[PDB]
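As a starting point, one isolated chain is supplied in structure tokens, in the form solved without the partner chain.
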């Protein structure tokens, strides 16, 4: 088993670098955020442009869906997050509190909470209904590159340019684990596995690692791509074969066999750094997006 991802659609419309793409949990939509200050919505299967959602005053670094596919949250250089009703286009809340660029965000599975990370070195936990900041965690000593909830929402993982991945108890705000690996290269991305047993972390030394975060043991290392500057998203692909998917600074999408760590496909087509990739929740579909010199989003499909 190798996959056979092939380009199906190219989605053009952002006028500056794309920052993040994400599929809706219900599989119907792709949301994209950009340095152009906009969120765009596209059909997940046909790439058909759906709408633009606007309101942020500066570029957006991340976007994320609620569990029911009705809301988005966005993280902006304007130091706010916004909560959006996707269908109406309304900004429901503006989450204020961070003192610098907000870089990363996610809903918990219940989607009553949002987690954010910022250049202000903090992680903040927010109440979705009221927009109030519930906790400010003194999480890191450099910008926070990623934040993610585990499968039951009881944990948060954060990554930072300080070289650390930390695991937090959602309820208490307590730091439960600090993951340490040698020379402490900036951690540019992190997320939990779908099952919540592992985390996948990217570091700016051209490396992805799969950690057992409780035991604190690096289980797999994925290499061959280029990642020394940008906070590039990585993924677990679980709809067919078990893959690791990542963007890369050589303009390619990389796909590794999770177990063997071998590169199984490289997807060519983008003309600038592939900053973001996402994997469709039920079909073997990858979305990718690129930086300023490209500005397009691509939808690729495989038989496995």
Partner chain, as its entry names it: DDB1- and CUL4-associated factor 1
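Positions refer to the first chain, counted from 1. Rigid core here is just the name for the largest C-alpha set that superposes within 1.5 Å across the two forms.
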Following superposition on the rigid core, is the mean squared CA displacement, expressed as RMS, greater for 177 to 185 or for 143 to 151 in 9 other deposited structures of this protein? 177 to 185
If you take the mean CA temperature factor per stretch, which one wins between 259 to 267 and 60 to 68? 259 to 267
Per the record, averaged over C-alpha atoms, which has the higher B-factor: 211 to 219 or 152 to 160? 211 to 219
Among 134, 104, 187, 113, the highest C-alpha B-factor in the PDB entry belongs to 134
Out of 81, 171, 232, 144, which shows the largest CA B-factor listed in the entry? 171
Taking the chain's C-alpha temperature factors as the reference, tell me which third residue 98 falls into: lowest, middle or highest. middle
Among the chain's modelled residues, which third holds the C-alpha B-factor of residue 89? middle
According to the PDB entry, is the CA B factor of residue 239 in the bottom, middle or top third of its chain, that is, lowest, middle or highest? highest
State the tercile, meaning the lowest, middle or highest third, of residue 180 with respect to the CA B-factors recorded for its chain. highest
Chain-relative CA temperature factor third for residue 138: middle
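Quick note: we don't show the form deposited with the partner chain bound, though the next part is all about it.
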So in the deposited complex, does residue 267 come within 4.5 Å of the partner chain, heavy atom to heavy atom? no
Within a 4.5 Å heavy atom cut-off, is residue 143 in contact with the partner chain in the deposited complex? yes
With the partner left out of view, is residue 279 within 4.5 angstroms of the partner chain in the deposited complex by any non-hydrogen atom? no
Verify the contact flag for residue 53: yes if a non-hydrogen atom of it lies within 4.5 Å of a non-hydrogen atom of the partner chain in the deposited complex, no if not. no
Is every one of 16, 35 and 119 within 4.5 Å of the partner chain in the deposited complex, counting heavy atoms? yes
Within 64 to 97, which residues have a heavy atom closer than or equal to 4.5 Å from the partner chain in the deposited complex? none
